[PDB]
Every structure is written in structure tokens, then in C-alpha cells.
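Here's the structure, in C-alpha cells; my notes come after.
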Amino acid sequence: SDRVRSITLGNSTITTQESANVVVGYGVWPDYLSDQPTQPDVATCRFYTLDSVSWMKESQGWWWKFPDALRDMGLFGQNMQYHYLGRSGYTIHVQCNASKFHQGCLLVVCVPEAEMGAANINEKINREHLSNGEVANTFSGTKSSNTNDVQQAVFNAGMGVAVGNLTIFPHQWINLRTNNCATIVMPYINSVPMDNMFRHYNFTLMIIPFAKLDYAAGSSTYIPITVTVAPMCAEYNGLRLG
Amino acid sequence: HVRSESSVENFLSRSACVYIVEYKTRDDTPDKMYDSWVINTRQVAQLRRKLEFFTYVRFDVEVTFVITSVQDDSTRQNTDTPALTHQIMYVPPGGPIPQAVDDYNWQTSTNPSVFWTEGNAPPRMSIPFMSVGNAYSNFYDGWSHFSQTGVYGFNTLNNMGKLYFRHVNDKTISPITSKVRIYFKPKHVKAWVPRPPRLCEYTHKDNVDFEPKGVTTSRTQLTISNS
Amino acid sequence: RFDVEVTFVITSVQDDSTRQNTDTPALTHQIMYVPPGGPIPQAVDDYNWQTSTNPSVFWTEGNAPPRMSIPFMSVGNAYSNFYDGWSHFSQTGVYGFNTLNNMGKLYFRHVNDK
Amino acid sequence: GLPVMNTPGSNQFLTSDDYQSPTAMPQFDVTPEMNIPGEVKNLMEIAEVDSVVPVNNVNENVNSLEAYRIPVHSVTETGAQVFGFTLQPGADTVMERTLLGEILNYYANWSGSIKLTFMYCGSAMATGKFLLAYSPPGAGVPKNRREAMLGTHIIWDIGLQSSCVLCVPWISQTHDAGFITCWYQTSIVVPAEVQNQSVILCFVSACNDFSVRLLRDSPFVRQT
Amino acid sequence: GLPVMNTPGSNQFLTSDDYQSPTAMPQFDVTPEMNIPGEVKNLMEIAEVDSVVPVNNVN
Amino acid sequence: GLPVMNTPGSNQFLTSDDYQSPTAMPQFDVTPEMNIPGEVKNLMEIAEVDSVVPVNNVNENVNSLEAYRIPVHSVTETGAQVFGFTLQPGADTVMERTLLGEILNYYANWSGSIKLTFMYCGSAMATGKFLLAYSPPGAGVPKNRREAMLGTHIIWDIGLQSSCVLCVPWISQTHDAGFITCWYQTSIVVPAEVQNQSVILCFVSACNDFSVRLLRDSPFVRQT
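Chains as they are written, first to last, in my numbering: chain S, 39 to 280; chain G, -18 to 208; chain C, 2 to 115; chain P, 46 to 269; chain R, 126 to 184; chain E, 46 to 269.
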């Protein structure tokens, strides 16, 4: 339609339009770490495509934890299980295809060190309510109260801040009036150079509809949101003697 | 048009009383003759918010101790006590811990102390950046050791140390309690990856947990009119 | 249009009671400065004695008297001794006020316990 | 030895000291600084970020996500008003808890400019016109489309510009500051099988000429 | 450190001091001086102005 | 005289002073320094010395000289385990009271490398093979010769090398750290009139890249 360019990484291929407004995270590209490094050069650098999600009128939002969402995704999860220390940067394509008779809007951020607040105050959160790997955890619109669960409410985003003030992090706005897709590139952000990839969550993808999905009395009641993530410049510790 | 007071150091490098330490010089309960403080940045709510503008921080520390003494009432207020000496011992991350006023760990070598006599200028000692990693974390999305065991959001790595306080002199004949005030001034501040301020109030000093507050103050209408 | 240099001369005398025979340790005073646009304490145990952007001075009994400089802190270019007008919304508000030339205020408490 | 006279101001702890100090831990190796991305050397980098404004803070809508959505639809009149708020970044309850209001509540004096941004989140088939009037300080709020038209206004066509940016000139609290009203010009014309109800969202950030002069405690943190 | 002897006159507040002082408000931007007409740099500019004398001060 | 103002921090005894001091005994002749051999200008010269490790600290063997001797003999199986210890120089009870553990208990932070050395003290006629596996931190302890074989291992032949040196890479306590296990590969083949029971002894020292950051009191001296 509009000079579609076809990116091929590994043995996977995805299609992208010519404009491609790419947001680099903090102006910094993911590079290698300039006691030895061992990198899996490209056998883990391919597009990993999650399931499409369900955006009705009343859908309040979704979040994914990295890299906990790719623990069942082939050689990246293999290198999570065999090695002990890890380091990677990411590239996130978020497409949301809809007709011109639909209306809505979405914030797509990436939040480093998003420490979640529990529903009951002085209790403990299970891991199944923080992260899930596959199909995401959904926000709520009201004050939720479940046993050992994150406080799910959109207007505080589980962190205690105003949800309108989440535009300080690397974001785009998917407006179905004009935009169709958002693309965020995220470097490695931690205080240590390599941390364990099962205990520490690096960041959190968040997709929140500010203007809700809204349409006619005869159109499709339901549009999907396709999430595609691809690591860049990953490496681990490696086992030798020397 | 200056923007020299919106600097990170002109915003965070200011002194603030963070904790009050009460201890006596003559008791029967052997733990009210001393007190301690585990050094963090999560007790003054003002400074906790001003450091939770940023995720990673990196600063030196300058502590000034304001030490005052008032004698407890008894039969024997008529006394001539000589001037008191206080000890302020610093325990680095990985140091021993005293368990009484007469414990041996007040006498150990690699725990730096300060001895101050009543009447002088208040003491002062600088504390450098003493983390293993490159910066402290205000926020930590993970477990410390062996996930789903251990507390969520702990970060073992950013401990700074702790202090201990006792009167160096022997037990006097009248009870005299001493309260010290701790002025914690961070220095040479560098901050990274900013983030929005907190909207909700605080409930504990060891987690981010909260009750959901509103977004703002509600109006009566949406369109404005005249006075 | 001037800078300000304030020196505080602090003296203490005990009130008479049954218990003049006591050994009180040396007193610490707090002198907190509230700039134009700052919070205001309402007790000795109020939280606004602990806030960050209210600069304080802690002085122990016996030393030289304290001193702190206060710069020119008006929005306009000079203070007015005289002001022929109303502050806000003339014929409401006091005649000859000039909101603009406030310099701040001080607060005093003993840092120690009762 | 050398003759030395003690001046007044000796042996006091002024809280804003700048003197040297002895180190508790000499002979210690500080771990070197690593390049971490996203370094802040100025708080007025943070307030140059656009953020959503809760303009629809009518009561009981604040505890939701509806607090940001400004309702606009088809109106049988034509000179009505869509929204409006007093232009006070930090005193007003509208941009009170906005990130710019949060940087600006830590100071007693501030001055500079301000950007507004208005984004229409309706369908791609709708079209219409608004009238974004700016009442300067001292001037009252207009009650008509026509009274707002003779002032400073801008006509923002939906059908060819989904975002209008309105850099408001000089505003201060110690260097009634103004009003921003939104009037209908035409109704929102819609084809068949396209929904009528739509949404506007606001954004605000400062410009590069923004200064502050005197730090204080924030009026929002209350001690336990 | 350096050997330093305290001379008499120490730790007093003489009222006509001229010493330095620490600032309560550093990191503060003072608004610049504007040209206001009629500047006085000397009180003996003021007394060089003629003024009416009340010579007829009979009761 | 000269006008002098006293700053705060005056007339205190900070314990880590660095100021000058008057001498009690001036006009005294200090006897000159003689060249005494063996000068230490760095404590990390001392910890670069190999020392025997008490790996066989099974109970009641500690109060003897048997605590160092690691028993190895002829085994009717072939994939059994000879020894094993957690790789923590200072926290583990194995190299706790080792000289390197003693330099490393005086510090709260330490990092660097570590050498192991394994010497076979049997006869000159015996021969056999071992499998010195290194489980990296995070990885568990293997339960098989085969599971240890797919990891990082080294096959050390008795009959042509009486000492194998194993420089373990990066280890730290604040810059589960690893395991060192020893598996049989073959039995120890022995001729007639040569005894079957034999001994391995360990040695450990640091490398030249070893740093420490913060001194403290040692956890082993207890006051009377």
C-alpha cells in the first residue's frame, strides 16, 4: 500500500510500512558489553510473536514482564535455563489492525523496574500474578481485592502513580484515527551489568486504552493487538576453564 | 532564566533530620543504654519521594550528629558529673554487631568510631559510596535470593551500613538520658532513568504497597463561567 | 534593594520550681526559615519542622551565636516602602499592601525532648 | 604557634554547611561509574515531557480512567462550550497532579511558558471545527462563541489536523493567569455506521525558558 | 592538622562585624537589577535641595 | 591579630584523624632502619601463597592430621565421587581457616580469582584418571559422572601428571558461587606388592587480580 518493507531476521519474516516511527529508549542503542562474555550470535535473534489480545469496549489494559515472557520461546529460554547470568536488549513491534470505522487510542510504554503494589497491603504476591509468560495479566477498572494478587486498577497502574504521568517512559500513541503500529527499541537498564534472568524483571510492557474502543451497531465488536518482540545483542557468561 | 536550582544536586544535596536516637547512662534493662540505626533513605517521607523521582542514584554521605543530654529526675539532682563522652561507631556492610553496652564489638578495629566530649562543635564523618554495584536502586522488580523464597523487592546489594551509640563513661549515679539527631546530607548526586512522583500515601518503609487514591481534586462542572 | 544578614543571640533562664537541682545536658535550638511560598508549622511536633525545602540551623548552648544570610528574594526588582494601590481586585483587599515584597518568616523550637 | 583569633559564628552547625569533612572510610576502593542510559542533570528536562491532563475531573469520574476523556458529540446548537479550565499550572485542580504541576509544587517562585496539545481520538470519517479561545489575565471568561471570537482564538479543523499545539505566552506565579475555553463552531458531521460520541485528550509541558528560584517542601506529602 | 592558636576576641558577636557568612538560600536565582530613575548614592544629594522654611512659627 | 572564624566540627576527636601532633620526645635519636629480609608492603602478597586445605573435615577427623588427607583407592564401581566442596573462600567451612580465608575474613567486600592445586601422594607405580568438574554458580551439583562430563571438566591422568592446577574464573562476595567435584573415571591400577590406599592433598591461593574494599573486625576473635 505505502511502500511496505519486509524485515527478515533468522528464519522469520514480518511486514512493516515505510514511515516506521521508531522510538529509541533513552537515545542509546543496544550494544555489547565493552569473567568472560559469550554471545549467542543469531540463533536467538528472531521475531517471537505472542498471542493477539482481546480489546472490547470494556478492556482496561494488559502488561507483560520481560524477559519472563520469553521463557518458553525456544533457544532464548534454553539459554535462560543453561546459563547463569544474562544480558540483552529488545525491539518491540506492536501492531493493532482495524478499519476506518473504529475509534480509540492506546499508550504503549516500557517501564524499567516497575515494582508492583499488592492488593492487600502487608501481604505477599505470588509469581503467577506478577508475570505469566504467555497471555497477559489484565488491569481492572476498580479497586480489586484478591488473595495474594497485584492491586489491579488502571488509574494507579499498580505502582501508585498517576496513569496520565506514564509518558515520561519511552512511549508511543497508537491512535486508530491515524496510526496503526508502534515500535519501541529498549536498551539494557540495570545497576549491575549482568543479573540473573529468572529473579529480576528488567522492565514491563504496558498497553492502556485512554480513548476506548467504540464503533457502530454492525461492525466487528473486537479488534486484535499483535505483539512482536525480538532480542538484540544478547550474551551470557559461558562455561570454560582457560 | 537561570535553571541552576533545578539541578539534581541543588534538589537532593540538603540536610535533613532522619532519626532520633534515645539512650541513657544508668538503667537496669541492659538495652536502654544504647540504640542503633540501619542506614537507608526511607524514613523521611519527603526525602523518600525526592529520591523516588529517579530509579538509580549514586551519592556520598555526610552525617552530622546533634547530641543533647537532659538528666532524669531523682532524689539526687545535686551532683557534679564530669563531661560525658559519646561513642558513634559505624558498622560497614559485613561487620560485627554489638549486643550490649559492654560487648566486645565496641572495641573491634574495623568499625570506625568517633569520640565526642560535651560542649564542642557537633561531630561529622563522611561515608562514601559503599555498594558493590554501580548505583543504589530505589526500585527493584524482583527477588533477592531464590525467587518465590525471600521478600519481593529487597535488593540485598544496596545496604549502606548501620550506626551504634553508647556513653563511653562508666555508669553514673544519676540517670541521664541522651538523644541524638542525625543530619543526613547526600553529596555528589548522579541520577538516572526518571519516573513520575508518587500519588498515593505510604503504608510501610520496605515495600511500594498502597491503597488506591484518586487522580486529582474533583470539580463541580466541566465548563467554566464568570465570577 | 538589599541582602540580609541575621544574627541570633540566644539566652536561656530556668523557671523556678521544686526541682532546680537537676543536670540537664546542653540544649539544641532550631531556627527554620520559611521562604515565600513555604509550609507553616502548627505545633512543636508538626511535620513541617522536618520538611526539606525549609533551611534550618541547629545550635548547641555555649558556642558563638548563629548567622545566616538571606538574599534578595522578591519577584520584582526592588522592595516598596510605599505602595499607592490595592493588592488584588481593587476595592477588595487592603489599601497599600504589595503582596510582592514578602521576605519570609522564621520559626523557633527546642530540638530536644520535653 | 601562629596567632589566631576566633570570629563569631564559630562552633555552630549551620545546616547549609559547605566545609570539608573527614572520611569514616579511607583506604576504600569505590566501584567505578558505569554508563547507565538516561542521565538527568537538570529537573527541567523532566518537565519538558508531555503528559495527559485530567480535564474531565467532574466528581466521581476522578476515580476512573474517564477523568482524562473529554466528551464531544453532535450538538443541536452551535455556539456551546466543550471544556474550559483556569490556566494555573500548580494552583488549579486540573493540572495539579500533572508532572509539570509536580515539578512546580516544589518551588515558591516559577516563571516561563507553557505548551498545550489537543488530540482528537474519534474516527477517521468525522469532521468538524472547534474554537480554542485564550482569555488573557485580567480579561474575563467569554459567555458566547462570538465574544470568544473577537479575542485570541484558533479554528482547529478535525478533518485535516488531528492535533493542534497551542504554546501559551508569558505565565507566572511571582516571576488569575488566564483561561482556555473550547467552543463549538460546527457540529461533528458523521457518515452512516460510524459512532457519534468521541473524545479529546490534553497534553501539557513547559518550554525551554522556564525558571524557578526558591525550593520548599511540597504541599502533598503529609507525615504519618 | 595545622597548628592554630586562638587569640582573644574569639566567639563574640561584635555588632559591627564585617566577616563572611553562609547563605541560607544558595542555588537561588536573584532577579536582575532594572534601571529605575532617581538613584541615590549619597545622602548629601538630598540636602542639596531647597525647601521652604517655617520662619513665621509664632504660636 | 588575624581574624579567624571557627567552623563546626571544632574541638572534636574524630577517630580517623589525619592531623599533625606534637612529639613527646623531641631531641631524640631514632635508631636507623636496617635491611631485614622479607618485607611486606601489601597484604595481598601473603594470600598469593599456596596452603593445604582441610577438605576431609568429616567429624572427629578435624582434631588430627587426617583432616587434610583425601582418601582414594580402588573402587568396584567407576562413576562414584571422591570429594566435593562448595566454592566459597571464607564462608565455607572447608577453606574457612585457610590463610586465604583469613585474609578474606577481614573484609566485607572482596573479588578476584582463585587457584586450586591437586597433588596425588600415592606410589610411583599407580595410575588412573579423575574428572575434576566445575559447576558454575546457579547450576546445581551433578549426581553422575555423565552429568558432570557434559559440564566444564578436566581429565587428570595420575600416571603422567602428579599435580593439576585449576585456576577458577570470576568469583566474588559483593564485588552460591560454584562447586568443585571429583569423580572417578577409571579405577587406580596397581601392580603387585604396592599398597592400594592413597591420598590427594589440595592447595589454594589467589591470583594477581584480587581486591578488597572495606575493612572490619574478624568473626573469629572473641573477647574474654
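Every residue gets a Cβ at the ideal spot worked out from N, C-alpha and C, and that includes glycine.
| Asked | Found |
| --- | --- |
| Taking Cβ-Cβ distances below 8 Å as the criterion, which residues of the region 176 to 196 of chain E are in contact with chain S? | 179, 181, 182, 183, 184 and 196 |
| Count the other CB atoms, across all protein chains shown, that sit within 10 Å of the CB of residue 107/E; report buried if there are 16 or more and exposed otherwise. | exposed |
| Quick check on the DSSP output: the beta strand (DSSP E) that includes residue 178/E runs from which residue to which? | 174 to 180 |
| Given that residue 97/G touches chain E, what residues does it touch there, using C-beta distances under 8 Å? | 57 and 58 |
| When DSSP builds the beta bridges, which residues end up paired with residue 230/S? | Per DSSP, none; premise fails for residue 230/S. |
| Kindly indicate if chain G contains any beta-carbon less than 8 Å away from that of residue 46/C. | no |
| Is residue 184/R helix, strand or coil by DSSP? | coil |
| Only counting the same chain, and skipping five residues up and downstream in sequence, which positions put a Cβ closer than 6 Å to that of residue 136/S? | 214 and 261 |
| For a minimum of 4 consecutive residues, which ranges assigned as the alpha helix (DSSP H) are wholly contained in the region 125 to 200 of chain E? | 144 to 149 and 190 to 194 |
| Pick out the complete alpha helix (DSSP H) segments inside the region 87 to 132 of chain G, 4 residues or longer, and give them in chain order. | none |
| If we define contact as Cβ-Cβ less than 8 Å, is residue 152/R a contact residue for chain G? | yes |
| Any idea if residue 256/P is buried or exposed, counting beta-carbon neighbours within 10 angstroms, 16 or more meaning buried? | buried |
| Do you know offhand how far residue 204/E's Cα is from residue 102/S's? | 58 Å |
| With distances taken Cα to Cα, identify the nearest neighbour of residue 301/S among 50/S, 51/S, 264/S and 56/S. | For chain S, the structure presents residues 39 to 280; residue 301/S sits outside this window and is missing. |
| Which chain G residues sit within Cβ distance under 8 Å of residue 28/C? | 49 |
| Classify residue 190/G as buried or exposed, calling it buried when 16 or more other Cβ atoms lie within 10 Å of its own Cβ. | buried |
| Taking residue 113/C as part of the beta strand (DSSP E), name the residues at either end of that continuous run. | Looking at the DSSP string, residue 113/C is not in any beta strand (DSSP E), and its letter there is neither H nor E. |
| Using CA coordinates, which residue listed in 88/P, 50/P, 62/P and 169/P is at the minimum distance from residue 173/G? | 88/P |
| State buried or exposed for residue 41/C, treating a residue as buried only when at least 16 other CB atoms are found within 10 Å of its CB. | exposed |
| Are the beta-carbon atoms of residue 108/S and residue 275/S separated by less than 8 Å? | no |
| Answer yes if the region 30 to 42 of chain G comes into contact with the region 175 to 184 of chain G, meaning at least three C-beta pairs across the two stretches below 8 Å, and no otherwise. | yes |
| Just checking: is the beta-carbon of residue -7/G within a distance shorter than 8 Å of some beta-carbon in chain S? | no |
| Taking 7 Å as the cut-off, is the beta-carbon of residue 81/P closer than that to any non-hydrogen atom of the ligand MG? | Questions concerning the ligand MG fall outside what the structure shown contains, since it holds no ligand whatsoever. |
| By alpha-carbon positions, which one of 196/S, 67/S, 171/S and 150/S ends up nearest to residue 89/S? | 171/S |
| If the criterion is Cβ atoms closer than 8 Å, does the pair residue 147/S and residue 270/S meet it? | no |
| Could you compute how far the alpha carbon of residue 180/S sits from the alpha carbon of residue 193/G? | 9 Å |
| What first and last residue would you give for the alpha helix (DSSP H) that runs through residue 166/S? | 165 to 168 |
| Note down the Cα distance separating residue 61/S from residue 160/S, rounded to an integer number of angstroms. | 38 Å |
| Going by DSSP, what residue range makes up the beta strand (DSSP E) through residue 196/S? | Taken as a continuous stretch (DSSP letters only), residue 196/S belongs to no beta strand (DSSP E), as it is neither H nor E. |
| Tell me the rounded alpha-carbon separation between residue 51/G and residue 26/C. | 4 Å |
| Determine the burial state of residue 198/E: buried for a count of at least 16 other Cβ atoms within 10 Å of its Cβ, exposed for fewer. | buried |
| Does the region 223 to 234 of chain P come into contact with the region 164 to 181 of chain P, if we say contact requires no fewer than three beta-carbon pairs (one atom in each stretch) closer than 8 Å? | yes |
| Looking at the structure shown, is residue 106/C part of a helix, part of a strand, or coil, going by DSSP? | strand |
| In this structure, does DSSP put residue 70/S in helix, strand or coil? | coil |
| How would you list, in chain order, the residues of chain P whose beta-carbon sits under 9 Å from the beta-carbon of residue 256/E? | 74 |
| How many whole angstroms separate the CB atoms of residue 39/C and residue 55/C, which I take to be in contact at a CB cut-off of 8 Å? | 6 Å |
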